[PDB]
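K.L.:
So that we are looking at the same thing, I have put the structure below in structure tokens.
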Number of protein chains: 2
Amino acid sequence: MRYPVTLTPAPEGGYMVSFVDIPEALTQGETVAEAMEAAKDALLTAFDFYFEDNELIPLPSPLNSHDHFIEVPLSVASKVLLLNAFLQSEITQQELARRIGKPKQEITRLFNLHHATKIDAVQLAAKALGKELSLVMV
Amino acid sequence: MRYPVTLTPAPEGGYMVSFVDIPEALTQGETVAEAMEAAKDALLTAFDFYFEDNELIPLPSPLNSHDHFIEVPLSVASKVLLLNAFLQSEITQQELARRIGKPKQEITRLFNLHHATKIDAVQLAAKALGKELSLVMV
């Protein structure tokens, strides 16, 4: 859900931004507010790299009392959970497409964060992999 | 999540559908298979009445191992949790729109199951009511 971000003071001023669970997400900001804003772009585009290399996305560490974090939207979170389950299911994209009865070009559209997908379509893909996706609130 | 269904033989032939948690969703079918399928529109059509009557939607009772059930899709499920949270907050539609910084015309689509709504918008509205919505995959 929420990825902790470590902010390091910069010797030339401002802050350098880094995530403990995602080494590829690096950026910086003038101020904590700006650094946090940039931190959300760094995390999501670092996710883009995992999606093309079909490598598992690390899950967030537990959050301490005084730590900043980035909460990924539900749309991103659902695709992240789907990608990890799909990579561990050991089936291909062609096979998954067959199971949902849809052409291969929306499997490509499914495992891409820049393409909008309806949450119900993500739910059906999880079901085809033997997984149930559900909601919790507070 | 999943609402338990009661299957009762019909004196007129066929089988009769009823939900333990939703007394208003009742219909029937010639066979168990058809009565279950017909039951899923009856539950969704009963939900529409809760949405326009602004009444809290009862949540499902626990499921035995050997229990029949109807599973609402994630899109409807998210809106059900949202309507219950909005009804218990005792604020108006104008106020919720103000807190998420969107016009009123997107609140009305939030509380309607026939209008598709993006999950990220449902997350934002829940947050404006002090609730955090998250996904579980099992």
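Only the coordinates and a few stated rules stand behind these numbers; no lab work does. Using ideal geometry, Cβ is built from the backbone for each residue, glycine included, and neighbour counts are taken over all protein chains shown.
K.L.:
In this structure, is B:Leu135 in contact with a helix residue (DSSP H, G or I) (Cβ under 7 Å, 6 or more places away or on another chain), of a type in the set (A, V, I, L, M, F, W, C) and surrounded by 13 or more Cβ atoms within 10 Å (Cβ to Cβ)?
P.N.:
yes
K.L.:
Does A:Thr92 satisfy being within 27 Å of A:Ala128 (Cβ to Cβ) and exposed (fewer than 14 other Cβ atoms within 10 Å of the Cβ)?
P.N.:
In short, yes.
K.L.:
Answer with yes or no whether B:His114 is over 14 Å from the mean Cα position of the chain (by Cα) and assigned to a loop (DSSP other than H, G, I, E, B).
P.N.:
The answer is no for B:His114.
K.L.:
To continue, here is another question. One residue is enough: does region B:91-108 have a residue meeting the conditions among the polar types (S, T, N, Q) and within 8 Å of chain A (Cβ to nearest Cβ)?
P.N.:
Checked region B:91-108: no residue is among the polar types (S, T, N, Q) and within 8 Å of chain A (Cβ to nearest Cβ).
K.L.:
Can you tell me which condition B:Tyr3 does not meet? The list is (1) under 15 Å from B:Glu71 (Cβ atoms); (2) in a loop (DSSP other than H, G, I, E, B), and all the others hold.
P.N.:
Here B:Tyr3 meets the rest and fails (2).
K.L.:
If you don't mind, another one. Inspect region B:38-47 for any residue being closer than 18 Å to A:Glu132 by Cα and within 14 Å of chain A (Cβ to nearest Cβ) and give the result as yes or no.
P.N.:
no
K.L.:
Run down A:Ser89, A:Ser75 and say which single residue is among the polar types (S, T, N, Q) and either under 17 Å from the mean Cα position of the chain (by Cα) or within 30 Å of A:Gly14 (Cα to Cα) (or both).
P.N.:
Matching residue, one of A:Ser89, A:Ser75: A:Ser75.
K.L.:
From the residues in region A:117-131 that are assigned to a helix (DSSP H, G or I) and among the small types (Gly, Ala, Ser), which one is farthest from the chain's Cα centre (by Cα)?
P.N.:
A:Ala128
K.L.:
Sticking with this structure for a sec: Yes or no: B:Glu52 among the acidic types (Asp, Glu), within 20 Å of B:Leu26 (Cβ to Cβ) and within 14 Å of chain A (Cβ to nearest Cβ)?
P.N.:
Considered against the rule, which asks whether it is among the acidic types (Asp, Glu), within 20 Å of B:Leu26 (Cβ to Cβ) and within 14 Å of chain A (Cβ to nearest Cβ), B:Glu52 comes out as no.
K.L.:
Mind checking which residues of region A:100-111 are part of a loop (DSSP other than H, G, I, E, B) and surrounded by fewer than 16 Cβ atoms within 10 Å (Cβ to Cβ)?
P.N.:
Within region A:100-111, A:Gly101, A:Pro103, A:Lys104 meet the criteria.
K.L.:
If you scan region A:116-132, which residues turn out to be within 7 Å of another protein chain (Cβ to nearest Cβ), of a type outside the set (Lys, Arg) and under 11 Å from B:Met137 (Cβ atoms)?
P.N.:
Scanning region A:116-132 gives A:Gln123, A:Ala126, A:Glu132.
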